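By letter and in written order, the chains are A, B, C, D and E; residue numbering begins at 1 in each of them.
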Amino acid sequence: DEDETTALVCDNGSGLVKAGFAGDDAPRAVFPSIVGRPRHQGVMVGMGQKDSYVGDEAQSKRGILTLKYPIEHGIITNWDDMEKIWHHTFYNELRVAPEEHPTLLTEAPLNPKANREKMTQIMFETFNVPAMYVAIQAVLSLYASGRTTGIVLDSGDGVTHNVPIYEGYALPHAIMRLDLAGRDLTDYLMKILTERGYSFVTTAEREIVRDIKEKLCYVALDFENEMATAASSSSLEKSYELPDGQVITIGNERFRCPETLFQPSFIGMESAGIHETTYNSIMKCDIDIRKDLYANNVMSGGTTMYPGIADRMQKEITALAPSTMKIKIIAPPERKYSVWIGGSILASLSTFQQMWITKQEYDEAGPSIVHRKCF
Amino acid sequence: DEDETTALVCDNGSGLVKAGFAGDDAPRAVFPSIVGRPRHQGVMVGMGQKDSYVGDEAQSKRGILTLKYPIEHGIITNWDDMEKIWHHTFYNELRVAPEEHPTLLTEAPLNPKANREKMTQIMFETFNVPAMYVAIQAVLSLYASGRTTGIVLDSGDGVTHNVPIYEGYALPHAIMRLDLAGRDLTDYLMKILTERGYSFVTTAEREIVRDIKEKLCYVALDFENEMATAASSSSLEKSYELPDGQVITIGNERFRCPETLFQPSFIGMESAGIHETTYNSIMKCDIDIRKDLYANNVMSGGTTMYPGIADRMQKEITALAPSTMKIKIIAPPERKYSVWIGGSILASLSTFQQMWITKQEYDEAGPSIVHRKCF
Amino acid sequence: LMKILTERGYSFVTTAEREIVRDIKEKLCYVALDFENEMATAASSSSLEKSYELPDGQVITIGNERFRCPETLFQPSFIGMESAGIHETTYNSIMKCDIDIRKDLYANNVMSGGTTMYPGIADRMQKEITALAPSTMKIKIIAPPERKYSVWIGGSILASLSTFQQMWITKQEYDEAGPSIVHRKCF
Amino acid sequence: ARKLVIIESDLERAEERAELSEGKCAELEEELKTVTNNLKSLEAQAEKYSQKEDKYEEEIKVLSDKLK
Amino acid sequence: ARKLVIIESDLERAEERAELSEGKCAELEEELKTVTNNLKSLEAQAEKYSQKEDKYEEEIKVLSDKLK
């Protein structure tokens, strides 16, 4: 546009595909990372079904679709279907050719080595990308919120990651990975829903569970005191008319499921709560470096949007943590797009040149170019 | 048995509970020092779960158990569970009453003062022990191997201890303690395993990591020369069929983790390597007392069983150590039970009478009897 | 059945006679080991059609009708349900438990119910399971030749136990804890 | 009635062939367990011997230099 | 007629476990021969490595004497 040339920003997860044009502050066309076929055989003739039904077109009509998700936190059940997800991204919504503008993707911390080389194969050899990089999830948001000294816990629907990044990344481990977010809460509901004459059976309607979840469901401050309150039918049940037509008086259902977050013992996992793992990462660093970590805590992700998420942390942490200085948690009121706001940062930096992979660089160091320069 | 009366030998650590009958050369019934409950709620009725699942019975079935270890190198997370570990030792395997035969336990060098009095409370006041002593880990093995003049470095899964004992114990410090052994290597694997589509998540299966580790994993002589060898898929990957059914081609995974031993910089610790700390202890003693220390080096413990453990020491030591006389390291091909073989020694000595604590001695000098006579 | 029966000049319309469909079903209908190999066998009119004189009087030569319907069991895609087969859901439940607790589960599998009485029900499981399951130890499925009354034989057990006292609800217990007595003590 | 007699003649044949195979299969598995035990044992020694000669040649190289 | 089905069904079970056992047993038997050959091969190499490092032991010794 008579400014520069070849530039773009992108970001994908287990919820939405955040992307936009060149030099933007916020996304432009986010869409669900879904994709399925036809369990209904799509009037076979009222088109040769194909196109699994990805994008707004897919999210619009769920019934015909057997929504089979490709990338469940880390593991990619299949790469063949990924081919026609990015074919919908750059060409339909972004309206730009990938054989021109760079690309800034996100990296699920500690992702299988074999996956990186596989992805690069899809871009460089097929979609011809002469410049691109895959930054590491959390570290991005750090520079956006305006923090240089804090501990980041960025996670939404993908995977939980405790990234203590306030003066260095890639160093002692002090990081954790937990497959317990988003889809885990989306699949657990139908189970407990059975006791209330409800059952979102198939995957298509399972996706709706998440929709209603993010508009009412809240977290209990103390399950004990709210157990006796159950008698008082006022703060619990609330009339929610299902778009089609079937009221669901969610009440105790709201604060029962989220309890699993702090208590992973409800789904057969010894994984400690997100406030225990926090200790595990802090106890590794030096002794004279905790007082500043407690001062500011970066809690990001769409998972940190439900009522009663930050106040609970300040109750459990103080217990098994030093009690002398003040403790404050920085949870950006809109901390979901924290990664994208940070993506816009690195997207406009020139120092970033010493990170991405140039067309020729791949052929000069084989497929291992990724893990030979990056880390 | 028409020989003597009241005698026994024992030894516990962060791996196995070594114990036997009276006047034995080798243990008789070793078992893992584990203990957990039921994350599965044990068919609550197909018995009132209780018995955490300790002993062979526990090690047999790991799934139902949430193996929560009590004594992590020095610190005892909880003493209440220790109650029913010794209740399984003397009564089930040893088949002898503790209210008769003495007991020879081991002492983790520099163990909290408050712990000694607490232990004695469990024996004398409850299990009624009229005679017992808690000897100091390393010094025991010295008299077994047949050495009077050497430096001992006894450690397995518990804690690393550099004990320069060749003519006197308890004197200048010249000793070190490092919480970096066994369980440290057992927990670090799952982290790096994530990059290879593997993840031993919970603690139950974490224990297996150690099992496979001690049958293949080896140490790299020189990481640099073995980095290029990686291309040659022959000395690296090896088919290991997981008992259940999931092959794991460990190759570069074998010599990557053990490197942490010599390089504690991979887990955020300024602790110098085991060959630097060796210098730290030698430089304290006199100048004319090193030539004999290098002649013989007592390297004991199950940690000194992996391939490439002794030869590496003779490479790093000679560098920052005097280069004139000959240097030889004595690493008993089976140097794990070195403590027990030495335990059998002190167990048959009568001079040992002027060490242990008699029933009455405790009441005549209060609970401080331990740190009033012993040291 | 009545649905697919329409193509063979038969139709058990109302519910009354619908109940009979189940009666004849449990005396001949079997499950196909492999639909592909049994598709060409259809030409050989010998292992398929079998004369079944309807008590009233109307012969029904069931043959391909026998192993077509049961296929829905392993393939719930024939009735508009994304529900995975009974051998997939098995994985879903096993993958949740610990890793070192599968080798013993495969050793013994309790398949009970009158549904596990039809010909070709246990052997098929040992074909599909081994595929997406660990292949090292031996796998055996325990399907009691009469596994329908398994619940009743077990009922006789708990019926003679005294420990069972700490489970049931006594007359007074209901009035002392209101109607919620059930979900207050039981689970 | 006749078919009831014929069907039994084929049953016993498969049972014996299965038992005969299981007998040898178990023996082969036991033998394999013994061989694989010595295989890794010899491999460990081979690796050790290789480590020895490497250190020897290195020391010998030094002895030659000092000799000259 | 029903008894026939019971026995006929057993024939299918017997035939199935027979061909499956023999199939794997034959595969195992063939594998043992390969493993046995590898054992003999590795053992031979280990013998050559053992006799070699021993030759260095007497070589490094005589050289140490000449150096002294």
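Note that in this section a residue touches a chain if its C-beta (ideal position, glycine included) is under 8 Å from a C-beta of that chain, and two chains touch if they have at least 3 such contacts.
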| item | value |
| --- | --- |
| Most distant chain from subunit B by Cα centroid | C |
| Euclidean distance of C-alpha centroids - subunit C vs subunit D, Å | 43 |
| Between subunit C and subunit A, distance of the C-alpha-averaged centres to the nearest whole Å | 40 |
| Length of the line joining the C-alpha centres of subunit B and subunit E, rounded to whole Å | 36 |
| Subunit B, residues touching no fewer than two other chains | 40, 201-202, 204 |
| Chains that touch, pairwise | A-B, A-C, B-C, B-D, C-E, D-E |
| Of all residues in subunit A, those that touch subunit C in their complex | 39-40, 66, 201-204, 267-268 |
| Residue ranges of subunit B touching subunit C (in the complex, touch as defined) | 40, 45, 61-64, 200-202, 204-205, 208, 241-246 |
| Subunit A partner contacts - residues on subunit C that touch it in the complex | 77, 80-83, 96-98 |
| For the subunit E and subunit D complex, residues of the former touching the latter | 3-4, 7-8, 10-11, 14-15, 17-18, 21-22, 24-25, 28-29, 31-32, 35-36, 38-39, 42-43, 45-46, 49-50, 52-53, 56-57, 59-60, 63-64, 66-67 |
| For the subunit E and subunit C complex, residues of the former touching the latter | 5, 9, 12-13, 16 |
